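Below sits a lone chain in structure tokens, taken as the form deposited in one PDB entry.
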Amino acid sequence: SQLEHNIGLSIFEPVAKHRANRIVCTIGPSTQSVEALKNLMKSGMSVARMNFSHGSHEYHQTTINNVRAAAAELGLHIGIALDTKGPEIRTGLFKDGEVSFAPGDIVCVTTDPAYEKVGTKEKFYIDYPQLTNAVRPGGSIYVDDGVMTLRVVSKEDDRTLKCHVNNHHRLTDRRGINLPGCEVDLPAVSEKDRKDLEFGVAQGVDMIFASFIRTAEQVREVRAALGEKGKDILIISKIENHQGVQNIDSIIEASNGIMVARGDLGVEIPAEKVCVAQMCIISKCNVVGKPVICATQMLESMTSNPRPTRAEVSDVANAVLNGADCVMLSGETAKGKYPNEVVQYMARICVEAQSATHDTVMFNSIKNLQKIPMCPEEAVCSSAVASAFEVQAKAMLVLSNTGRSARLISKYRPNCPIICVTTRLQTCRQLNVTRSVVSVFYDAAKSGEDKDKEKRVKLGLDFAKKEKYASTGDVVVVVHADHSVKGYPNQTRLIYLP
């Protein structure tokens, strides 16, 4: 039981040497320089996130170039993720550029674009034409990240709602609007997003973090916009509202990965419900073997302070115990004073959580929910992980060109590193969002085609020795195809390191 496992935990024992979980860092003025990014990489960053909510293509090109240069210098493969602005609802403008409200204030809100630029205390504009179908009397409209909240008293005409102001607040021009619990019908890709996706495709980003995904259809529109040239870029869907949570099964099916985007989510749904969504969404991703990222305010106070609060430490540990492949930093690295320290703390917390995890509980739980019969590559990957537990293997080694087989092994949550020998550099970069995996690049143009695997296996076992995962005489579990089967791995071997 979990309870029995807890009572036997020790704070004194040595922790795991090899960190399994992965860290996504948002780049900003604290961290954009090549030097700063090197240090972020040494501290534990695996994926650099560009938040296209702010900043021009020029700003972000600089992030791209610097990330590549810092990674080249250190000889790391660092993923690059483009996180979209996404669609939004916002208010219009206000007379004099601001207005203040008091509890009890009655205010009309209108979708009549006549009122767009002349917002007053009496009446102002929201740029969502379907507003009066989307929220009904007694429902709420949140303004400005949920900070001001309105209750809908009545619908006055097909374009106007009379509302009750719930708290003191001062609005300025074009604040954000949330319609918590309401279906919101907006394109998956704005016109800005297209330009932003086109840039990403041209600069060779490894993955998109797609904002405000509500339906599987929207995932497909994002994939369509990426086009032929972007067909290999991961789409990681951001679950940010009740629709995303409701539709999660088909959203997972259509995505490469999920981000539990807790910031907007905890505005769209009651904040205390974010823990339920988080647990559910992470476990649902674990079950199908797709990467999941937990995001937003994990180590927030380290934006200004050199150590984290007690709540923050438990937050990161618990994301890891819930099952998340990745955890994410936003403000903490984009603009905070302690970018390296916050990454270093995150890394250490991940390692403690990992070391406190019961080896085999995840493996068994995940395996017990798979449909039988499995595909043969999945039988091979799950049983390779089992056989790793049986021999206390110190590493596993898999050949994967697309990354598929690596993610399939990570799905079964071994307790050791998964060394992936790949022939694609973008695969190295993309596997950064997958728990346990460490990539080595095999250059087939330079070394030859390796139909019999032996060079790639050699390279992987050499890597394992070099990086101190295992040494001579240790068993390594090795997964690839035999000499004739193409397209997936049908073979597992236990090999002693020479």
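So that there is no doubt, residue numbering starts at 1 and follows the sequence shown.
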| task | Output the stretch having the higher mean C-alpha B factor in the entry; the candidates are 100-108 and 309-317. | result | 100-108
| For the stretches 54-62 and 432-440, which has the higher mean C-alpha B-factor as given in the deposited record? | 54-62
| Among 290, 231, 348, 90 - the residue whose C-alpha B-factor is largest in the record | 231
| Top Cα B factor in the deposited entry, candidates 23, 16, 11, 477 | 11
| note | residue 127: C-alpha B-factor third of its chain, per the entry, is the middle
| remark: In terms of its chain's C-alpha B-factors, the third that includes residue 27 is the middle
| query | Thinking about Cα B factors across the chain, which third does residue 303 belong to? | reply | middle
| query | Among the modelled residues of its chain, does the C-alpha B-factor of residue 40 lie in the lowest, middle or highest third? | reply | middle
| query | For residue 340, does the deposited CA B-factor place it in the lowest, middle or highest third of the chain? | reply | middle
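Below, we refer to the form deposited in another entry, which is not included among the displayed structures.
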| query | If the chain is split into two rigid parts moving between the shown form and the other one, is residue 399 assigned to the same part as residue 377? | reply | yes
| query | So the Cα-Cα distance between residue 280 and residue 182 shifts by 3 Å or more in that other deposited form; is it shorter or longer than what we see here? | reply | farther
| message | Having a change of 3 Å or more in the C-alpha distance between residue 54 and residue 90, I'd like to know whether it is closer or farther in that other deposited form than in the form here. | response | closer
